[PDB]
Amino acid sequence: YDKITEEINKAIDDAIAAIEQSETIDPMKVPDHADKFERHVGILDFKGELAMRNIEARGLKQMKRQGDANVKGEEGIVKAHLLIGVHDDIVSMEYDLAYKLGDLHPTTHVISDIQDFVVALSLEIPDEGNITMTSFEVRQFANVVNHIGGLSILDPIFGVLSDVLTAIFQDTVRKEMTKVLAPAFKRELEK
């Protein structure tokens, strides 16, 4: 099993090294997003809209394999599960947020910090030869800390925009980062 684990780790580190030398990964562009939101905090009821533009992720170049590759032997087929992470660095997204709440329509630069950004993948290998990536997904972010310019941490507008942007990250940003990360890993692993 050690030969299998070493070959998988070697392929994964070669993959990661090729990925880190791609200008698409750091910085990574994210498609512009816009949403409507309703949030009820006590007596305050916020009904508004927001638009994130020029979204850019930084810190993915420090991607590293986390732990030994999980090797499984099922029905004469090798099945691996792996985690590749950026601990010791934070993935940081910078973007321009234009939000509208009633008469207020400000436009501010925002910096959101993802802690413990890590991706999970699953490989299927016929024991004779060749690697097939069968699953790939960016993990649900442990914590997304938003730094919105112009707003105090005490401002209710800050709390509302923070909650809405965190939900947007746990949905839209995660999926659009998966759309970039999955095919490149597929290329390196299956070649």
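Just count from 1 along the sequence shown to find any residue number.
Checked against the record, the higher mean CA B factor of 15 to 23 and 170 to 178 lies with 15 to 23.
Higher mean CA temperature factor between 120 to 128 and 134 to 142: 120 to 128, per the PDB entry.
When the C-alpha B factors of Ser152, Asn70, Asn54, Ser162 are read from the deposited coordinates, the top value falls at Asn70. Looking at the C-alpha B-factors along this chain, the one for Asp89 belongs to the middle third. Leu97 sits in the lowest third of its chain by CA B factor, as recorded in the PDB entry. Annotation for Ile77: CA B-factor lies in the highest third of the chain's modelled residues.
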